[PDB]
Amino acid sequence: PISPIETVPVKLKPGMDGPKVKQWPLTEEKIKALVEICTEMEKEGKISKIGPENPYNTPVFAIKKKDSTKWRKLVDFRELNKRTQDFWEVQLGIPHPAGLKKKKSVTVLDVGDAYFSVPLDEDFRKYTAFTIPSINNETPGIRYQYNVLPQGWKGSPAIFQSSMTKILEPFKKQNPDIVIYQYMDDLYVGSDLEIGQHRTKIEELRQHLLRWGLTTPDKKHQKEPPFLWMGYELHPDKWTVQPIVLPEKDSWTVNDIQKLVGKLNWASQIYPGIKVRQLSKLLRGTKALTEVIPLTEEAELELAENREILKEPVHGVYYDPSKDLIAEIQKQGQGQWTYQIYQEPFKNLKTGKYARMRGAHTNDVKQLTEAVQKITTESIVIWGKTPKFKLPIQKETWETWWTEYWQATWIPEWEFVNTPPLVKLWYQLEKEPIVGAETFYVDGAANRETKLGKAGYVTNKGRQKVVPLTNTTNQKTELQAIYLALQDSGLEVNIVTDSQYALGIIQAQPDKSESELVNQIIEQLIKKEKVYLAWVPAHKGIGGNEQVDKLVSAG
């Protein structure tokens, strides 16, 4: 049998030749199963016996899927993948079901078997060759090569998808009102035809595909809501993701963890708070598939919290382009934010939770801004437009923040929603020095060998202090000095520093820090009624600065 589909030219990465992982012998029954598999693949043209001038070989395992006595062939194409050209990988993310619009009639067809129905570039086929080992180690091995896209080869997703797009193009042109969405194994077909006509178009589509050698099995044709497409349950007016069950194992294989990471990657597109860092670290190295890894305690905290999030089903509604998109955000504390995207109240398209980006010093307004940006980009991906925002920050608070913040910053059209806890500014510095407020000149100094230092102030009233410090640095003493001045001043205070670092931290307007010292300074700033912070260059003869510099010099 020959395929009418034209092959895609494929190349090895520049400079590289065929595979160099040779062929394993295995037990009597295992090979006994393989010849039956490969003979029946050769019957449908998927593989072909090759001649005596092919020098390539690719390894193979044998594993079971749900354990009957019928072995499933397992090929580790990681070796061929690293020598195969890149393909521009067109879809990074997966469709989200709330991006779908309502269709009178919907059908989901399965083409997951189609990989083996797409021919592979002939000049590349020789690099997929393998050997069935001798059964008694006497006769030469039967050598076959792949004629079709193999499962697990890096090019198969790209080439299959490209082939489907080209086969589907004429059909979509003939039927501009039908929507066909493609994502690997499943094909979504939606129309607003009455159900009888829609059924007819489906049969036309299926005959079209078969003409090109692509079959859609009769079982996996879903005509009842819920249609399952890409793990989503599509009902007529809502969609559901059923709780995702993760494996439970005493010891984990690399194939196990790889399959696990892929499942968690898909789930993170639907569920929030899914983490994959620590599990992926276990995949480092040239480790083969059947090979046992130990779980770090990081990896099991990651896994355990994932299973708790995934306990719950997720439901939502479909997109109505005739209506606004609305996004509402709430502060949940400890760096956490929740959000809902909807068009009519309480009918959610998507809900999620944003975590603070890590860093030494932050504030709630910046985090709110980050959450807005993240939701915006998500909404562009899913629906192609920016939602209108409902935010727990007063318009006056936001106005004070953005206009006075030294960086450019902005939020798109939004309205205040009175959902406590409201985001607020916890302190605001004066723009001008305070008449009648004591002026504290601060400085610090530390020995870079011993870590011994001093922090202190002098004031226009003759108030002075210097505190010796152990286990410190020059920048830390500068912050200690400011803290001392805040502690020992009245509710209104002018403070003069020469530390661009310390000024810059306070210029960044934090309301929480990883540094306990910055936090104590924040606490002080909150208690004050007015604080003016000025900067002067060190060692330029400025009176009070020079006096405190001498106070904190080592003795």
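Each residue number is its position in the shown sequence, starting from 1.
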> Going by the B-factors listed in the PDB entry, is the mean over the C-alpha atoms higher for 533 to 541 or for 13 to 21?
Replying inline: 13 to 21
>> Please compare 208 to 216 with 405 to 413 and name the stretch with the higher mean C-alpha B-factor in the deposited structure.
In response: 208 to 216
> Whose C-alpha has the highest temperature factor in the PDB entry: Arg277, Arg199, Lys461, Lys366?
Replying inline: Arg277
>> If I read the C-alpha B-factors straight from the PDB entry, which of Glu438, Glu248, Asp123, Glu328 is highest?
In response: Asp123
> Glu396: which third of its chain by C-alpha temperature factor?
Replying inline: lowest
> So where's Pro321 on the chain's Cα temperature factor ranking, which third?
Replying inline: middle
> Relative to the other modelled residues in the chain, which third contains the C-alpha temperature factor of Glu523: lowest, middle or highest?
Replying inline: middle
> Comparing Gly333 with the other modelled residues of its chain, is its CA B-factor in the lowest, middle or highest third?
Replying inline: middle
>> Going by the CA temperature factor in the PDB record, which third of the chain does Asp443 belong to: lowest, middle or highest?
In response: lowest
